[PDB]
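Notes for the one structure printed next.
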Amino acid sequence: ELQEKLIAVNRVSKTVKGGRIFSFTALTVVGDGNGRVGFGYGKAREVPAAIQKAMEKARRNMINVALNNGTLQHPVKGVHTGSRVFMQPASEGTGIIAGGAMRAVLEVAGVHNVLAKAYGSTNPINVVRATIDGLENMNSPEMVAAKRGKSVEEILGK
Amino acid sequence: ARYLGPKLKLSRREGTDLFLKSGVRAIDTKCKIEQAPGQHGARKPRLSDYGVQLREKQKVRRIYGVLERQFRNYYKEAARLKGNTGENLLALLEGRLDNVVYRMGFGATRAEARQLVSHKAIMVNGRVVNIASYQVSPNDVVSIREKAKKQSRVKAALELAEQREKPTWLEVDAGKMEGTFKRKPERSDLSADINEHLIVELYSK
Amino acid sequence: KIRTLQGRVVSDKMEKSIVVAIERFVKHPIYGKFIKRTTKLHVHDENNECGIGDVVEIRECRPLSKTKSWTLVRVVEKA
Amino acid sequence: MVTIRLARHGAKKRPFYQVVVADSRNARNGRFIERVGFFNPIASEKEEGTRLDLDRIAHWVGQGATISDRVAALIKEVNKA
Amino acid sequence: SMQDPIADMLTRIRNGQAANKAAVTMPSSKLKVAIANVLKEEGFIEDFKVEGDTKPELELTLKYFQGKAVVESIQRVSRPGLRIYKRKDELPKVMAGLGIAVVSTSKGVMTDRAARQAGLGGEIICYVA
Amino acid sequence: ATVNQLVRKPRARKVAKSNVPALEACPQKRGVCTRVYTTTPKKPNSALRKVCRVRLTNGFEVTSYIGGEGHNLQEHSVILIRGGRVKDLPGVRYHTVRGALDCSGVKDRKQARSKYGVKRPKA
RNA sequence: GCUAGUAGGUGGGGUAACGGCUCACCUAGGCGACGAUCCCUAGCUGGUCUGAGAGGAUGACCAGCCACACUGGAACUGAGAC
RNA sequence: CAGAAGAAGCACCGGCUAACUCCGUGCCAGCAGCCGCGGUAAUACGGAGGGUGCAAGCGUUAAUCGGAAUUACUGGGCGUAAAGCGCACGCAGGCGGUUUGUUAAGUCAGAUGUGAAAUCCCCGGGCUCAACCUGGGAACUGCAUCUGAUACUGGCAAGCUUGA
Ligand SMILES: [K+]
Ligand SMILES: [K+]
Ligand SMILES: [K+]
Ligand SMILES: [K+]
Ligand SMILES: [K+]
Ligand SMILES: [K+]
Ligand SMILES: [K+]
Ligand SMILES: [K+]
Ligand SMILES: [K+]
Ligand SMILES: [K+]
Ligand SMILES: [K+]
Ligand SMILES: [K+]
Ligand SMILES: [K+]
Ligand SMILES: [K+]
Ligand SMILES: [Mg+2]
Ligand SMILES: [Mg+2]
Ligand SMILES: [Mg+2]
Ligand SMILES: [Mg+2]
Ligand SMILES: [Mg+2]
Ligand SMILES: [Mg+2]
Ligand SMILES: [Mg+2]
Ligand SMILES: [Mg+2]
Ligand SMILES: [Mg+2]
Ligand SMILES: [Mg+2]
Ligand SMILES: [Mg+2]
Ligand SMILES: [Mg+2]
Ligand SMILES: [Mg+2]
Ligand SMILES: [Mg+2]
Ligand SMILES: [Mg+2]
Ligand SMILES: [Mg+2]
Ligand SMILES: [Mg+2]
Ligand SMILES: [Mg+2]
Ligand SMILES: [Mg+2]
Ligand SMILES: [Mg+2]
Ligand SMILES: [Mg+2]
């Protein structure tokens, strides 16, 4: 039911009196392929434990995205820390034209066609955060009409 | 300009049957299909995303017998043509004369259909065509030449063809050894084990 | 009708001649900002009516000297 | 003088002439005043092998343009439909 | 010194929405009133009124839907340092048509869709989304 | 920068200098070896790398690496050089083309033969 | 900072033709930080390569325009050439 | 007509980057675009077996754009990463509160002329296919002129008081 993807595993270190203690971090995303997506970040002495923790957090941190037939509603910009991302809808058959970190998020969320670009820092943790922020801030015609007190036809008419 | 090596190694690398043999036997009884070729073939291949895209593209290429320059040209044409690029690419591949002959059943394999086309045994709308990459238009008629109607391999291919699923976009008469290309096959009429969006993404890398 | 320019007299010290500055308002090709440009023309001024600062009116004609190919029509405004 | 002639285009062994009006001094495939038609000598059956703007040709002839022999033959064939 | 009252009006709207103000008040002008009319017609603001004779004051009543400001973003486009004019065939689309662009045409201030229907270009005053 | 400032002084592109100036934008250049010798690499590497000081047909005098195991180059040998820096060798910006002019190929080479000018063995 | 035929005017001459094109006289002007003058490089365009675009780079082949013809200079003939 | 008969190579395989083992060597010989590799159990040097990618080509070098939002118009920055003149006054320049009228320069609309052909793109046609050739269109985002629109910017005239 839920598609899970491991985006990056990194080895970090802290120094103690006897020397360096290594550990691992895992960044993952989960999604239902129908507008729900979440990301998890886990730390452990071992890679499988870190990955399991990340999946556990991702399953709990899901948000909702208003998709339009497997594409975005409109161009969106997202930002987190040094990472800036830009995404726009594309015609059917275009595919996911995006870098790896954005691609995992978009694919588990269920975006099938999109043109994307990452500016600034391409650190995967912050790129994932910026991508999810843009998707969560995307608007749909229903929301726009409701908030403006108009009808969907008046929003998208002549 | 044509792959001339062992055929089952390609299917073993791609992890599936590519219909590179006639089908009189089983791919499992002819080869270790579940195992990749070579000394290290038993290893579990961890594939990156680029590896997955590349393997999908190579699978389609090996199925249709097309080399890289021609396939890239096909992709460029598919992107240029209106509509869904992956579906356009699949339609362009299915429009090839050798593939049309194989689907009509005059060749046991696509390689055999290609040899039949090359050796001037195939006619399109009453003219001899020996170009394997010739594009077959709708309402076109593909027929076996009269001097080649006596070949036993054509009859063997015809009796092997009905053992498989009949293409619904063609209309074949085996008595006269001739068929009509009624229309371009839709995406539904093609195999569901082909992910053309992987190829489309690969050619954007 | 006849194509015609309008400008401001910046010099009149020549005999029967004046220098007229014509201002154009054009969009910068790269940055899109509308900027002012100036072209200076030598104009034939018979009777030496024009003075420095007057807003004058000019048209194109045959060459009259090395640098003169324009001639004065009327004085729109006098300084 | 002004003349109406054929400029050879197309490919090797497969010529395709453009019927053009030109100052006769210019090179055969060079500067021309106005294109008035075309002539394909290897045109297949059911394909238009010759097309001429007879109104423009007559206008230029009235203005004083001469006509090459091949273009005159083409005009005769076109008029003899 | 003050050199763009329109950008000032837009900023007052933006900051008031951010501060959850019921209404925002500013010195009035005919262009500001025309822009306010477009905003009200499109439903981005609730109402507006002009009070006073010698020093007219424009008040705009802001709206909130579910605890969130209706004006998600409002941005000056043409500005004194750089004027922006667009022809009818190149009128911008805001948020893939979900937002509006306020355009000053020879037939008055209207949205980009209205200018497209009238077949007119003009000056792109601002984007609202 | 504001648009006024850019109108006054436009953005300036930085010119990039070539890392192979002695080639003068040619794919190769012919030279005559004035010296053939060995040299030691920069740390953390250690070896006796084979180089030659060569005077080119355009008058440039440069140092060129001699790749491959063993070579037949000496003073007055006429060689062809191509672009390519040797990271651990200080100021060696060019590579000798093995198998061109007086430079022979590498003996008993079976893999990557075209990179060292070795003909296909008759096997 | 540059310019004395230099900028303009009158008259004569000259050209197929307007014109400091040339000559005599008079006026003291003309160009220039919206870059004159000087120095370095360069045939120009339709186009070509790249790029999502905006741009960046480029001007071989084909076609339009220009310039040159061992080097420097000159005219003759001619509808047209220096 | 005859007979599979006359017709396959090149680069790569530690990561980026698709593809792994043995033997030889032992900071040597050597590799290398970068990270780096080589010190006696080297998937990085050299050979072999196996494999990967292209294929009558394959690699290398040179050179341009890209990736480079790394000159940022679209589309960047300046407390501490590079970056606010030591502080001012002020010419040129850029910018300009509010109302009415007028003008129509900017701006907008339409039309006309031009924007050579070829090239690019779309729909077709002919070479067995394709490259290639070719019909028509679209485009040439520009310039000029004419006729209109007057909200906004500019000019002109008259004001107003909230900036000064
Ligand atoms: K790390
Ligand atoms: K397509
Ligand atoms: K004169
Ligand atoms: K070392
Ligand atoms: K002179
Ligand atoms: K004179
Ligand atoms: K004179
Ligand atoms: K371009
Ligand atoms: K250009
Ligand atoms: K000369
Ligand atoms: K050993
Ligand atoms: K900027
Ligand atoms: K106007
Ligand atoms: K006005
Ligand atoms: Mg080929
Ligand atoms: Mg003159
Ligand atoms: Mg030169
Ligand atoms: Mg770019
Ligand atoms: Mg040239
Ligand atoms: Mg000579
Ligand atoms: Mg004469
Ligand atoms: Mg000459
Ligand atoms: Mg790999
Ligand atoms: Mg070993
Ligand atoms: Mg090796
Ligand atoms: Mg750039
Ligand atoms: Mg920066
Ligand atoms: Mg410091
Ligand atoms: Mg600092
Ligand atoms: Mg200070
Ligand atoms: Mg001050
Ligand atoms: Mg004002
Ligand atoms: Mg054209
Ligand atoms: Mg047209
Ligand atoms: Mg006004």
Side-chain angles (χ1 to χ4, degrees), chain A residues 84 115 119-120, chain B residues 1 4 37-40 43 48 50-51 54-55 67-68 97 124 127-131 133-135, chain C residues 1 3 13-17 19 25 28 30-32 34 36-38 42 62-68, chain D residues 9-11 14 16 29-32 35 38 40 42-44 47-48 51, chain E residues 1-3 5 27 29-31 34 54-55 78 80-81 83 85 87-88 104-109 119-123 125, chain F residues 1 3-4 6 10-14 20 23 25-28 44-48 67-69 82-84 86-88 95 97 108-112 114-115 120:
Chain A
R84 290 161 280 110
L115 306 156
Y119 310 102
Chain B
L4 308 177
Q39 165 190 331
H40 300 290
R43 91 201 264 113
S48 62
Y50 167 69
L54 168 76
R55 287 262 64 86
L67 282 208
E68 184 52 40
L97 179 63
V124 177
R127 305 193 56 290
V128 175
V129 178
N130 74 323
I131 310 279
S133 56
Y134 181 92
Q135 285 293 300
Chain C
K1 274 285 304 308
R3 283 181 96 269
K13 313 176 132 322
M14 278 165 317
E15 309 202 2
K16 312 204 223 190
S17 312
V19 188
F25 207 55
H28 200 282
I30 313 93
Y31 319 122
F34 292 82
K36 281 204 273 287
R37 315 267 73 201
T38 305
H42 281 55
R62 91 180 144 77
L64 304 158
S65 66
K66 183 158 145 183
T67 74
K68 278 163 61 165
Chain D
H9 297 282
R14 298 182 57 95
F16 181 95
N29 289 4
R31 179 161 155 191
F32 63 89
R35 183 239 195 191
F38 71 88
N40 185 355
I42 58 168
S44 78
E47 188 182 20
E48 196 184 2
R51 187 190 311 162
Chain E
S1 63
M2 167 72 63
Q3 287 165 49
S29 77
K30 38 194 295 202
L31 177 55
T54 175
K55 274 144 85 179
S78 192
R83 300 281 176 183
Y85 310 101
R87 290 178 84 229
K88 162 246 316 172
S104 192
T105 84
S106 67
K107 289 331 213 185
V109 169
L120 309 161
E123 185 172 347
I125 287 156
Chain F
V3 285
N4 263 8
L6 296 186
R11 305 287 199 175
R13 326 176 48 247
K14 39 257 174 160
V20 282
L23 291 175
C26 302
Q28 294 93 16
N45 283 352
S46 196
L48 288 185
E69 291 168 296
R82 58 155 174 92
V86 179
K87 176 79 144 32
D88 63 13
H95 271 68
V97 179
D108 313 311
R109 189 82 196 227
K110 293 293 155 14
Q111 288 162 222
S114 75
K115 296 186 172 181
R120 185 155 194 260

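The basis for the numbers below is simple: all heavy atoms, side chains too, and nothing from hydrogens, waters or symmetry mates. Throughout, a chain's letter reflects where its sequence line sits, starting with A, and its residues are numbered from 1.
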Open item on the list: Would you call the rings of E:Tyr85 and C:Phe34 parallel, tilted or perpendicular, taking 30° and 60° as the class edges?
Closed with: perpendicular

- [ ] Could you tell me which residues satisfy salt bridge (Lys or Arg N to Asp or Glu O under 4.0 Å) with E:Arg83, sequence neighbours excluded, listed by chain and number?
- [x] E:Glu123

Open item on the list: Holding to salt bridge (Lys or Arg N to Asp or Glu O under 4.0 Å), I want the full list of residues that pass it with D:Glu47, two or more places apart in sequence or in another chain.
Closed with: none

Any-strand Watson-Crick or G-U partner of [N], both distances under 3.5 Å:
{"N": "H:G66", "value": "none"}
{"N": "H:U150", "value": "none"}
{"N": "H:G94", "value": "none"}
{"N": "H:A144", "value": "H:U112"}
{"N": "H:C156", "value": "H:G101"}
{"N": "H:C31", "value": "H:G36"}
{"N": "H:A55", "value": "none"}
{"N": "H:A7", "value": "none"}

For a quick test of reading the model: is some side-chain N or O of [X] closer than 4.0 Å to OP1 or OP2 of [N]?
{"X": "F:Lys14", "N": "H:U71", "value": "yes"}
{"X": "C:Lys68", "N": "G:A7", "value": "no"}
{"X": "F:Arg120", "N": "H:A8", "value": "no"}

Can you check the distance between [N] and [M], where both ends of the measurement are the [atom1] atom (answer in whole Å)?
{"N": "H:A48", "M": "H:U40", "atom1": "P", "value": "26 Å"}
{"N": "H:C78", "M": "H:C34", "atom1": "P", "value": "34 Å"}
{"N": "G:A52", "M": "G:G64", "atom1": "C1'", "value": "33 Å"}

With positive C1'-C2'-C3'-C4' meaning north and negative meaning south, how does [N] come out?
{"N": "H:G26", "answer": "south"}
{"N": "H:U145", "answer": "north"}
{"N": "G:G35", "answer": "south"}
{"N": "G:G5", "answer": "south"}

Provide a list of protein-nucleic acid N or O atom pairs under 3.5 angstrom, restricted to nucleotides 121-125 of chain H.
from	atom 1	to	atom 2	distance (Å)
H:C122	OP1	B:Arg80	NH1	2.8
H:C122	OP2	B:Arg80	NH1	3.3
H:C123	OP2	B:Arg80	NH1	3.4
H:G125	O2'	D:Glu47	OE2	3.3

Take the protein atom [atom1] of [X] and the nucleotide atom [atom2] of [N], then report the distance between them rounded to whole Å.
{"X": "A:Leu115", "N": "G:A52", "atom1": "CG", "atom2": "P", "value": "11 Å"}
{"X": "E:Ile125", "N": "H:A151", "atom1": "CD1", "atom2": "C1'", "value": "8 Å"}
{"X": "B:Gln39", "N": "H:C13", "atom1": "CD", "atom2": "P", "value": "18 Å"}

Can you name the residues that form a side-chain hydrogen bond (donor to acceptor under 3.5 Å, both in side chains) with [X], not counting sequence neighbours?
{"X": "A:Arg84", "value": "none"}
{"X": "F:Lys115", "value": "none"}
{"X": "B:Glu68", "value": "B:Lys57, B:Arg61, B:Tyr203"}
{"X": "D:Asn29", "value": "none"}

Open item on the list: Given 3.5 Å as the limit, does a donor-acceptor pair link the side chain of C:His42 with the main chain of C:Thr67, or not?
Closed with: no

Open item on the list: Using a 3.5 Å distance criterion without hydrogens, assess whether the side chain of C:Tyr31 forms a donor-acceptor pair with backbone atoms of F:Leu6.
Closed with: yes

Open item on the list: Determine whether a donor-acceptor pair (one donor, one acceptor, N or O, separation below 3.5 Å) exists between the side chain of F:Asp88 and the base of H:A32.
Closed with: yes

- [ ] For RNA chain G, produce a single dot-bracket line, 5' to 3'. Pairs: Watson-Crick or G-U wobble, both distances under 3.5 Å. Symbols: ( ) within strand, [ ] crossing, | other strand, . unpaired.
- [x] (((..((((((((.......)))))))))))...........((((((((....))))...)))).................

TODO: Could you figure out which groove the side chain of E:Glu123 reaches, major or minor, with a cut-off of under 5.0 Å to the groove atoms?
DONE: minor

At under 4.0 Å between heavy atoms, which parts of [range] does protein reach? Answer with one letter per nucleotide, 5' to 3': B base, S sugar-phosphate only, - none.
{"range": "nucleotides 130-145 of chain H", "value": "--SSSSS-------SS"}
{"range": "nucleotides 95-100 of chain H", "value": "BSSSSS"}
{"range": "nucleotides 56-62 of chain H", "value": "S--SSBS"}

Open item on the list: Between B:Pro37 and F:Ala1, which residue's closest nucleotide on RNA chain H lies nearer the 5′ terminus?
Closed with: B:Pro37

Open item on the list: Using heavy-atom distances to pick each residue's nearest nucleotide on RNA chain H, tell me which of E:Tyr85 and F:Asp108 is more 5'.
Closed with: F:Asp108

Can you name the atoms? Protein N/O to nucleotides 157-162 of chain H N/O, anything below 3.5 Å, with the distance.
from	atom 1	to	atom 2	distance (Å)
H:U162	OP1	E:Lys55	NZ	2.9

